[PDB]
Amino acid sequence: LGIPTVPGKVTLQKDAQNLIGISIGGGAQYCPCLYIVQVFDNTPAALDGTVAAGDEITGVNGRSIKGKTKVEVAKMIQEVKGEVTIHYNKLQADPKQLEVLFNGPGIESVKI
């Protein structure tokens, strides 16, 4: 998994249920990084079109999330009202292969 990345960010509105429409997490094994595991249809994240499964989530509203659990990051995002800025690394690989990869067994994730 030697894949180059580029930093980016997107500001997404919360939907009526306080969702942006992504799952964040990764494998069961230790990883110091956190990944978008799923983008759900018809949610702010999907309609915006910027983020995708396999992208690394790196921060929230100008704060790095490094060293935090996926539950802590989710809690952080859930507590931001109306509008949230998601910081990410785009992985420079076949997007469909990234989707499949993070579709795999043993992937743990929190929907927000």
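Residue indices: 1-based, along the sequence shown.
When the mean C-alpha temperature factors of 46-54 and 30-38 are read from the deposited coordinates, 46-54 comes out higher. Stretches 96-104 and 19-27 differ in mean CA B factor, with 96-104 having the higher one.
Residue-level temperature factors show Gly62 in the middle third of its chain, judged at the C-alpha atom. Per the PDB record, residue ranking by Cα B-factor puts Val110 in the lowest third of the chain. Ranked by Cα temperature factor within the chain, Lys70 sits in the lowest third according to the deposited record.
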